[PDB]
Amino acid sequence: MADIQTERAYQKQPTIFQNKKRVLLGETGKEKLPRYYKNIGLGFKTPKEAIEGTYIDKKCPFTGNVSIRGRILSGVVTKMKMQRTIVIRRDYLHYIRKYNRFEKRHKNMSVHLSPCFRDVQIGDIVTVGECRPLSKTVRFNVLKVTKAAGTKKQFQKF
Amino acid sequence: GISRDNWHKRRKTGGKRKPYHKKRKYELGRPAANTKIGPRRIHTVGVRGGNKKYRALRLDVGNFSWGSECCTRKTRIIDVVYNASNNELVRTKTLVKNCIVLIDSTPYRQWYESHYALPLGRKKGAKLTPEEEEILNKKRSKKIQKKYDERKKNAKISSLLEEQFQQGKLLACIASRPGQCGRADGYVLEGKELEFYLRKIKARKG
Amino acid sequence: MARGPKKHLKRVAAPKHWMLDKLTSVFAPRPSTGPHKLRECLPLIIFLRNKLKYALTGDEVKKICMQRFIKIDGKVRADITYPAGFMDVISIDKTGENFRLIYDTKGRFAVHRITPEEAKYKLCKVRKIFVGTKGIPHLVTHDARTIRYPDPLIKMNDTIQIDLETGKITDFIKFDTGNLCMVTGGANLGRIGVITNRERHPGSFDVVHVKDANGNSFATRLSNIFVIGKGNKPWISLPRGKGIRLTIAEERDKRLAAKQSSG
Amino acid sequence: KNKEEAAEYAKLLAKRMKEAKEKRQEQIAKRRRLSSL
RNA sequence: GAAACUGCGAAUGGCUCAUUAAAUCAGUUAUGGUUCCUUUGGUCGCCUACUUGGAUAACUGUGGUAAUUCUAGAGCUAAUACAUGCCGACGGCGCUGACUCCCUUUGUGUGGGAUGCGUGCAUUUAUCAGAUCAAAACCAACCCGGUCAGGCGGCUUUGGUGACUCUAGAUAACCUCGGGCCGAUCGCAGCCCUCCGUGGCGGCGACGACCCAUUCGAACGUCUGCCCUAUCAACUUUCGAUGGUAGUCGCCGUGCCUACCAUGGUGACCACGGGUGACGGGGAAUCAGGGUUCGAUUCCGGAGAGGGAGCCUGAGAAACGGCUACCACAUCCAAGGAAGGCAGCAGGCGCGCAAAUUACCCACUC
RNA sequence: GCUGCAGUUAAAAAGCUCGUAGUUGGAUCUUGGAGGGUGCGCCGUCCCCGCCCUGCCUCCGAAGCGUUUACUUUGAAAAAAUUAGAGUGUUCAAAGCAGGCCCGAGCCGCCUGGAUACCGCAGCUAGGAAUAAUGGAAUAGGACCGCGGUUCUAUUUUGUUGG
């Protein structure tokens, strides 16, 4: 959790209003914050964390004001140095006829990562989706965390 | 002049982008209104695609709405108290979106007393006897007491807002973009936001 | 370039299906702004002097038009480069001819005379269906005609019989498995046929498996499919050929057999 | 003219209910049969 | 009907390839991130109304300047230029209401009112709305329908897209104001009046406007593909380098910019740096097959008009057959001044291995 | 010199080994009978196909929906010019996109045209399931209202509305 609100500006979802009010129990009222969410589409389940969560993230595909349209890509997570954003490495095959073997090649792609996803840990394969320019670098948003404790080289548990 | 284009600076690779074409009007951009509080002045600006955008420089009244009330009143904007972006904005008393201002309350008070007939805070007897009392006294027998009776329950109003009423100045957050729109509008703070700003207002103050 | 709208067309960079020659000049007509997209249109000038042979010059095409001789969908059009298109009518009166612009199996606007009725109505494919201003709803057809208050069944991709004097939809056809179809673009441009299947993709791109009256099957993008009535029952004239499509060998077999003997 | 179109359109949508309304009924009644068991 | 004013074009075309090496660009995608003239489709009732104010050109006349696409001064004076502002009306409907009846002291329940006084859209803000599902026992209130012996039951509603804070509706205002909109045109030629002079009506033929969509587009965003080089191996930020967060700015996305706050982002899968007989592609040439090389150049996309930078207008231009400064060049002069940009068509100099008429026409193609 | 080079002595295997990147990687997990194309004079010859001597589940469609891919296969999307390449009497041809007829003109006229193909990749579709990788349960886990105690949330419905 950690107090979100943290900054100096009051974090809130736009046009989702309040009004607490008098009388007893709650008190005001118990949830104290109406929350608005939506499913991205493309059959990406909007994870519970999004609905359950307090966090604000405009950039979030479920909780925020961003639409996912365009290319849907998958990549492996190389970095999770930056707050709320990750870098994924995309391997692809380059074909060279002139004589014919193509050589592995890669590209790194910066992509925003909603706090709804966690355990975003380097090594994880992830499915990101195209989006409106979030930041000068970031074109994408993490839609699904593919996972696996597998890759055994260790034993994951639950 | 000013040039939204990235095509200066450096990419992510870090390589020196080489100059392609000049600075192009399509990329065009501008100086800020830096709108300031006081007797109204506005200027028209030519924007892309025809279309005219108001640049407000100096504003004294805005249209601020009391959300929980569901009512909006036009008041003088007294001053700038808090600004997340930059402090100068506050000290200079410059108007921008997200700026936290103090409006004036009197229009809100006049409406509230009239509609609920319970007067805010615990002001005074002499005041009641004077004007606003006349409204309170009202009557029609009849006319209005029945309405006042119907109301009650809400009418609690929230401690933080009422306390502010005593001052005669209410905290509000500028919703609109004065430099763009030419209107300095906003909503009275409240609930949680009001709690956060009060914490900021006292905390930093001293 | 780079400050404004192009006003010229280098001929050669014009759409093939007008079948303008290579020599002649540098520039093709270039369709005015109008009810049909520039690629997908047939500037009257090409119709009057390139298909119908009424005109020789472009100077003549103009002289014809200023008479008022020619109406498109009923309402005299006086521009040389007016962008007429699919489902348009075109009526030259003091000559008594009604023509409907609808495709070859080549994919070429065909010279297709229609009766003095029929000329009354055209079939438009719904492009969007809209709640406009004040709460009114509207449909938008391919040919850029907006009709308010349509009946609530009508949904994007359905087609719609427009009156024509009056505007006014005077019924409709749903897009459902088994409807007759006209192909309005792409490799299969001009083929007519029933349906069979719409394969659906979220994100983007829906394909329509079509089967012709010869059990010939093919796909195109949903964008390219136009509904024109009920199997064996088109709601308009079809051009000779019933948009069939025949192999270059079949095509040769017909060409030599029908003549140098066979009347 | 616009008023006539709006009024006529409402009739078709409102009148359609009669024929469509029956459709729903063929569900409510059955909703009891399945629950029976 | 010379002209002038007005409106529109002049942002297109034509020309060259210098700059420029993931830049440009090609194929693919996209705008749910936005602007869009025009066409096309829609949208237009609330006591000067039978219609408001007053001035500039063309013109006349008088001139100035060595020389000017210079222009003064004055006297007029046109408008679909300019600044205004209305007949139109129509209301029941909202809040207020002299009040009054019935079943019950006070009250409580059920009721209904003569007369007063925000309502067209646009924009901005705030709020609501934008309805998804199956059954029962009791208590407090009260609607109808069939009733006698307090006693039996029961119903009505919300547009679309895979996903929007989408469209649309309701409430409170706001003004972006004089500075949103709702319109202050022509030339040629028989009607009728619950009734008498009026007001209502009739032929031929001569652009604006608000808002929405459309069309031609535009501006950005996706990937995937580029020459040589390591005698270029670490690079990028205190003059933002990568990210958070909020604002200002822009047509709009975005470190665009700025504050604060993090310390990032990239590299042997060649980054960074440098070079270049590099504009990029469709294409071209050489033909076993594989390949090998070129592409400035009749099309597409991009770029520039002596070099650099800035700007006005307008929907669209960072325009040079616009302007403006400097910088480099050149020209006229009565020496104070003043006027200019052939990588447009011809032509000419210089350059070189190398490249045409100082010609005719808008008839074709547009 | 991919296809398709040479390196003992001709120009050319580092003095030798370790070694990261890169490249490269063992075996092993499903087993005649007729339909349609073109030759030869009612007969047959020679391909191609489902067969004989293999998506689950949800509970025909729909939907659930994919273990990841690469690959390959079938579609769409794929500028014109160009190029390969059909139809076409520029007299021939390069070209060009025409033309050829009915007709002796009273025909107050007919009509065929101006194909198609290629189009890298990447992306989009789709079928295959070999090949190459890839998925887990052995410090036990997944399945099936197998069953329960604990707690939460959403709206049908006791006419209506509140507890």
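Residues numbered from 1 in each chain as written, not as in the entry; some residues may be left out. Chains lettered and ligands numbered in written order. Part of a larger assembly, values for the part shown. Heavy atoms only, no water.

- Per the deposited record, determination of this structure is attributed to X-ray crystallography, with the resolution reported as 7.0305 Å.

**Thoughts on the interface of chain B and chain A**
Reasoning step 1: Tallying the contact residues gives 23 residues for chain B and 14 residues for chain A.
Reasoning step 2: For the pair chain B and chain A, the summed buried area comes to about 1,500 Å², and 53% of that belongs to carbon and sulfur atoms.
Reasoning step 3: Three residues stand out in chain B for area buried against chain A, namely B:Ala84, B:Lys192 and B:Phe196, and they jointly supply 29% of the buried area on that side.
Reasoning step 4: Counting the contacts that link chain B with chain A gives 1 salt bridge.
Reasoning step 5: Residue A:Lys12 pairs with B:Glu193 through a salt bridge whose shortest N-O separation is 2.6 Å.
Reasoning step 6: Considering each element in turn, the side of chain B that touches chain A owes the most residues, 6 residues, to helix α8 (residues 191-204) of chain B.
Reasoning step 7: Class assignment of the residues belonging to the side of chain B that touches chain A gives a composition of 6 nonpolar, 7 polar and 10 charged. (Contact = heavy atoms within 4.5 Å. Buried area = accessible area lost by both parts, 1.4 Å probe. Salt bridge = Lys/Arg side-chain N within 4 Å of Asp/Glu carboxyl O. Helix = DSSP H or I, 4+ residues; strand = E, 2+ residues; numbered from the N terminus. Nonpolar A, V, L, I, M, F, W, Y, C, P; charged D, E, K, R; others polar.)

**A short note on helix α2 (residues 106-116) of chain B**
Reasoning step 1: Residues of α2(B) that are buried include every one of B:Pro107, B:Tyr108, B:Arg109, B:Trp111, B:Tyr112, B:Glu113 and B:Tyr116, and no others.
Reasoning step 2: The inward-facing, buried residues of α2(B) contact β3 (61-66), β4 (71-76), α3 (125-128), α5 (145-150), α6 (159-167) and β8 (186-188) of chain B. (Buried < 20%, exposed > 50% of the residue type's maximum accessible area, 1.4 Å probe, protein only.)

**Regarding the arrangement of the chains**
Reasoning step 1: Contacts are most numerous between chains A and B, taken over all 4 pairs of chains that touch.
Reasoning step 2: Separating chain A from chain D is a minimum C-alpha gap of 29 Å, and the two share no contact.
Reasoning step 3: Nowhere do chain B and chain D come into contact; their C-alpha atoms are at least 32 Å apart.

**Section: the protein's contact with RNA strand F**
Residues and elements named next belong to chain C.
Reasoning step 1: In the vicinity of RNA strand F lie 29 residues, with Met19, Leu23, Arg108, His201 and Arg255 positioned nearest.
Reasoning step 2: Taken together, the sugar and phosphate atoms account for 82% of what RNA strand F places within 4 Å of the protein.
Reasoning step 3: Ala187 is positioned with one of its backbone polar atoms (N or O) 3.3 Å from a phosphate oxygen of RNA strand F.
Reasoning step 4: Taking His201, its side chain carries an N or O atom lying 3.4 Å from a sugar or linking oxygen of RNA strand F.
Reasoning step 5: Where the surface near RNA strand F is concerned, the elements lending two or more residues are β18 (217-221) and α3 (248-258). (Near = heavy atom within 4 Å. Polar contact = N/O pair within 3.5 Å; in protein donor to acceptor, adjacent residues only side chain to side chain.)

**Focus on the protein's contact with RNA strand E**
Reasoning step 1: Taken together, the neighbourhood of RNA strand E is formed by 154 residues, with A:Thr137, B:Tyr20, B:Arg24, B:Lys143 and C:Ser25 sitting nearest.
Reasoning step 2: Backbone atoms, meaning sugar and phosphate, form 80% of the atoms of RNA strand E found within 4 Å of the protein.
Reasoning step 3: The side chain of B:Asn98 places a nitrogen or oxygen atom 3.4 Å from a sugar or linking oxygen of RNA strand E.
Reasoning step 4: For RNA strand E, a sugar or linking oxygen lies 2.9 Å from a polar atom in the side chain of B:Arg183.
Reasoning step 5: A total of 6 residues in the surface near RNA strand E trace back to one element, the largest contributor, which is strand β3 (residues 104-112) of chain A.
Reasoning step 6: When its residues are assigned to classes, the surface near RNA strand E shows 42 nonpolar, 48 polar and 64 charged.

**As for the packing of aromatic side chains**
Residue and element names in this part refer to chain B.
Reasoning step 1: Counted by the stated rule, this structure contains 17 aromatic pairs over all chains.
Reasoning step 2: Look at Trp66 and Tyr108: their rings are 5.9 Å apart centre to centre, the planes differ by 70°, and that puts the pair in the edge-to-face class. Within this pair, whereas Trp66 is found in strand β3, its partner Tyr108 is found in helix α2, the two being separated by 42 residues in sequence. Across the pair, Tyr108 and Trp66 agree in class, each one buried. (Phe/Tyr/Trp six-rings, centres within 6.5 Å; stacked < 30°, edge-to-face > 60°.)

**As for the pattern of salt bridges**
Reasoning step 1: Per the stated rule, a full pass over the model turns up 24 salt bridges over all chains.
Reasoning step 2: Ionic pairing is found between B:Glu132 and B:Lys127, a salt bridge with its closest N-O pair at 3.3 Å.
Reasoning step 3: Given the relative accessible area of 28%, B:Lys127 is considered partly exposed.
Reasoning step 4: The closest approach of N and O atoms between C:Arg145 and C:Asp143, which form a salt bridge, is 3.0 Å.
Reasoning step 5: Via salt bridges that share partners, C:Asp73, C:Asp88, C:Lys122, C:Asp143 and C:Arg145 belong to a single interconnected network.

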